[PDB]
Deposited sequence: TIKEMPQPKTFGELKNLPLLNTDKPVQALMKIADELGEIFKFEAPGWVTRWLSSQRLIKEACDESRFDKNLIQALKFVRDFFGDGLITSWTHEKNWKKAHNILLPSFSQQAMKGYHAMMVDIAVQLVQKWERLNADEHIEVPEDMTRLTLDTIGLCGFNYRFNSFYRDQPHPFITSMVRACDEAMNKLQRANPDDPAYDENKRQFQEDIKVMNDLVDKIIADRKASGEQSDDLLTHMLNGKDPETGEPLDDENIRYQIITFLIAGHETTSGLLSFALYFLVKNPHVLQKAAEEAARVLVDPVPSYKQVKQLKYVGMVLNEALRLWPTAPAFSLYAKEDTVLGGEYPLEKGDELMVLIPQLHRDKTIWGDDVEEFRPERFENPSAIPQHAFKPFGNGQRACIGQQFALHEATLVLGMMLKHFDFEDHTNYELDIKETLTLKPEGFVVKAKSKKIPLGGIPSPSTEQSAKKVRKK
């Protein structure tokens, strides 16, 4: 059997089809046309895109497939090194870092992070209480302020102070400018001297990111207070399987890795959640009644956040529709056959298209486009490998609980303290970098004038 494949363009193959700002959304349309699996090929690489739970469930068998880092994106590996997201499972520093950092995401870790999450969430709420009547909120912008600050403080006892800035922190601006520059070069005569300033600017941006990391470490060595946080574990934690802590080189990569991965997809999630709420007033009202019922104190306790059941369903359902890291990659460990129809040679690449997996009518029913948090009412009824916003198996998201606790806390406080109005009747416009975010999403928030504790 031939595997489906969209149209080719000489020896550019399918590559011209990604001549777009929204390639993941373009790939979803192709998935709609061609079905559960299709080959997609470019000059320097080939892969197969999977969209059905039946094939993805096989792809997620770790005895047969492991995590792949895509060659086309080596600029990422360049910058994040052998940090946890950009290391191969077989690499030494993957397992070492994994075992050293897992305890930083334990239940006792989360309880320890809670008060500092609240510190940043109170800042977000206060910003919004202080807006004049004529004004509105820039939602992804403010969610990015919250998430960057929350990972900075909880993780590294460093304050980005993003709510004290009108534009994004220099780290974000440099991050976005670096990772944009690197991505544009994929289709560059890249060595043309016309691009020299592009390369000089790229250098300046890595130097901002690197100075920040240095400050974080230096502040920590100098510190007078006791921290037991993510950075504490990076510095001092020892690999049980061998007794050594990470070296300085790898630690630097973990810091940059956690600063970035630890904020971006969480800001997207909050933004999409708020979008879906304001487009679904009955759901908003239900989420709001919960918030008001559960958050009875002036600030939320860890336990109260665990009781926001419906807010958690809201978040899972936003991650169903628009998983903010929308794809991951796998390779075949040995020759094997997928779905009893598609032969694969050792090393062959697969891509999981998460948003399309999440619209598999076989699994979810026909109403896959509706925003229905009630689907997660009973979470053990969702088949295995049907819902994968946090990836797979031993290479699944280490920060998953951190992300959901932060998001639930913040969304709960937002819904306690304000009524939200989609005052422009916003039309969803999804911007794609390596993640997904609504662009230009704005709302008004009318305060309920509920005082906010310290």
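Judged by missing C-alpha atoms, the gaps in the deposited chain sequence fall at residues 1-2, 191, 458-473, listed in sequence order.
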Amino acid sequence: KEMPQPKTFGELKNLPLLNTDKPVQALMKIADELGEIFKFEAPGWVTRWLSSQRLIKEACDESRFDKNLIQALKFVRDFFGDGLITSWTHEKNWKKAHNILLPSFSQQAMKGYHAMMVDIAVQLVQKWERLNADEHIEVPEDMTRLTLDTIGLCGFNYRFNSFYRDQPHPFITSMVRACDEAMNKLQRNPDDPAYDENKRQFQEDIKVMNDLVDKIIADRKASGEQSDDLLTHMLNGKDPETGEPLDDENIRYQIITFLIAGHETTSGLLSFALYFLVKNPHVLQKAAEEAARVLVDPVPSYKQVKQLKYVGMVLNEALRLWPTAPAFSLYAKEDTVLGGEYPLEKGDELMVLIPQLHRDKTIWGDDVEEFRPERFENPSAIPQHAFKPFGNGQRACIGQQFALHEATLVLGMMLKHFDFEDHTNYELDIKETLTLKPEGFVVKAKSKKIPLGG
From here on, numbers count along this sequence of modelled residues.
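312-320 and 98-106 differ in mean CA B-factor, and the higher of the two is recorded for 98-106. The stretch 205-213 shows the higher mean C-alpha B-factor when 282-290 is compared against 205-213 in the entry. Annotation for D180, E141, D360, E264: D180 ranks highest, by Cα B-factor. Ranking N236, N161, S329, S271 by the C-alpha B-factor listed in the PDB entry places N236 at the top.
When the modelled residues of the chain are ordered by their C-alpha B factor, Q53 lands in the middle third. In the PDB entry, a CA B factor belonging to the middle third of its chain's modelled residues is recorded for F376. In the PDB entry, a CA B factor belonging to the middle third of its chain's modelled residues is recorded for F65.
Ranked by C-alpha B-factor against the other modelled residues of its chain, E439 falls in the lowest third. When the CA B factors of the chain's modelled residues are split into thirds, the value for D149 lands in the lowest one.
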